[PDB]
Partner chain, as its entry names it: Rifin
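The chain below stands alone and is given as structure tokens, in the form solved without its partner chain.
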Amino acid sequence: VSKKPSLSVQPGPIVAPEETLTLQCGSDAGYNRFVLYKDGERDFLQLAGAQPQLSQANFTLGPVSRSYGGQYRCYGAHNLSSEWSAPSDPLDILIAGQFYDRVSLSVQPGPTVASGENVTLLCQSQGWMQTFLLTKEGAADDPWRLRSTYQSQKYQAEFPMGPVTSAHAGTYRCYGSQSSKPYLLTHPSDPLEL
């Protein structure tokens, strides 16, 4: 039970079917191998090797399907011993395009703005969704999960951005979600350009 490794995803936890995302299993505890597991699956998926001085191993999930949705963990080990590290923190991976119903991403004012404008891009759907995820073709770190409201025979959720800055003007996407299927997401909506 050594220092657990860290599991990150590039560029995000949301992957479309037939696509690829890479997982990084790294540590500063100087491991020389890492093993990737999927929570609730007996055999490990992959096993690699590294070189510390920190050490790292990349795992790639090739052309993904619905069944790739779930929780992943990795372990680190040293050269000689068979002692494997403590489990890493669980990585949630979600799969897009897994519902019949589709969602639409609109914008309250317009796609074109000068700084200080309050924009409120919307995410709608005729089909039932519990939560809507807002994401950005951006650099890093986490989708924005809001809960849905049934407005005008149409489920939706407003995403306030308030006073806008240059750091905002990227590419957007929203998804629909149901809690019965945690790691499954609706088809992405069309990109919205700011």
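Positions refer to the first chain, counted from 1.
Not pictured, yet referred to below: the form deposited with its partner chain bound.
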TODO: Establish, in the bound PDB entry, whether 137, 168 and 172 all lie within 4.5 Å of its partner chain, using non-hydrogen atoms for the distance.
DONE: no
Open item on the list: Only one of these stretches, 137-145, 154-162, 124-132, 35-43, has heavy atoms within 4.5 Å of its partner chain in the bound PDB entry; which one is it?
Closed with: 35-43
Open item on the list: I'd like to check something about residue 115: if you look in the bound PDB entry, is any of its heavy atoms closer than or equal to 4.5 Å to a heavy atom of its partner chain?
Closed with: no
Open item on the list: Is residue 49 part of the interface with its partner chain in the bound PDB entry - any heavy atom within 4.5 Å?
Closed with: yes
Task: Contact of residue 81 with its partner chain in the bound PDB entry (heavy atom, 4.5 Å) - done: yes
Task: Distance check, residue 75 to its partner chain in the bound PDB entry, heavy atom within 4.5 Å - done: yes
- [ ] Based on a C-alpha change of 3 angstroms or more, tell me if residue 154 and residue 113 lie closer or farther in the bound PDB entry than in the shown form.
- [x] closer
